[PDB]
């Protein structure tokens, strides 16, 4: 059994009294709902309030989310209920605390009194010319415009970032990683960090744009999009590796499919159309995160159909990730916990078998491990496609589940 939970949103840093302190009062409900791992935000000093422009990686006390004591108390509470803590690891780029003789912020500070992570411009990808000194290797992935991109081919960078990651485990208690902006460096570089730190899992945010047609909707065929994700997993080490990816292919398809286009939820081979259909053991599915939803709203799930997204991901193969706001703020707590209970009760896991029974515009119905059937869509009647022996279980707005 494995169910992830994103334990923050884009406004969390503002929480009066501290976000981790507030989360202490949320631990029992998260664990009782069947969550096994909670993804926490970047914990270090950051030039931006939300944590995504880290500077002094060891300076946990500088975070807006709370200090190291408050973070360790929350991780200890999660562990007390048997739930793991996943740290948001932001290493594609990094802000430097000091200026060099050129007046450029390219002399870094790790946050410890010794030289750990106190890099210079030789550690900045040479092609990030706003900051580099032209001497490093070219970036192994995309650039993040607002800050120096780090040259992961540099041996000192690799060694000192692995030391820092191991310290997040040994000192703070983190168990696993979520790799931010993983399209910023190659999967071969991600492999150095994952293999060198043995996290229980490392879920990477590899977010490529989805191919769209002239009407603005994603294409029915997203094979190229999921092919890039499975190739990333192969390059990080495949089944041997602790690495896995967020299923952005399923997110993009599901965003469109629930708008009366549920025929999008099966490919021409009879499989789920996202990474779920090709390598479910490596696909972390989700309805929204702090970038797609929350107050950034870059690619929000249709608001009136969010429970159909959960009926889908919580009953299907792949590893589902529940978003904080949906569980605590939108009123879906009981419904989401009920769906996870159905998943756990029936022994459904990332590699459960999926048999799709109907895939029409207003009705998608699927059977998982021969034990659970789920329907989403506005169609009133799908009775004839429910196999014998199934009894109604949980239901809500445009979704229903049956158990056998």
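Numbering follows the first chain given and starts at 1.
- Two stretches are in play, 27 to 35 and 331 to 339, and the higher mean C-alpha B-factor belongs to 331 to 339.
- Stretches 139 to 147 and 309 to 317 differ in mean C-alpha B factor, with the higher average recorded for 139 to 147.
- Per the PDB record, 304 has a higher Cα B-factor than any other of 304, 180, 247, 175.
- In the PDB entry, the Cα temperature factor peaks, among 88, 128, 223, 160, at 128.
- In the PDB entry, a CA B factor belonging to the middle third of its chain's modelled residues is recorded for residue 60.
- For residue 42, the recorded CA B-factor ranks within the lowest third of the chain. Only modelled residues enter the ranking.
- For residue 67, the recorded CA B-factor ranks within the middle third of the chain. Only modelled residues enter the ranking.
- In the deposited entry, the Cα temperature factor of residue 358 sits in the bottom third of values across the chain's modelled residues.
- Annotation for residue 217: C-alpha temperature factor in the highest third relative to the rest of the modelled chain, per the entry.
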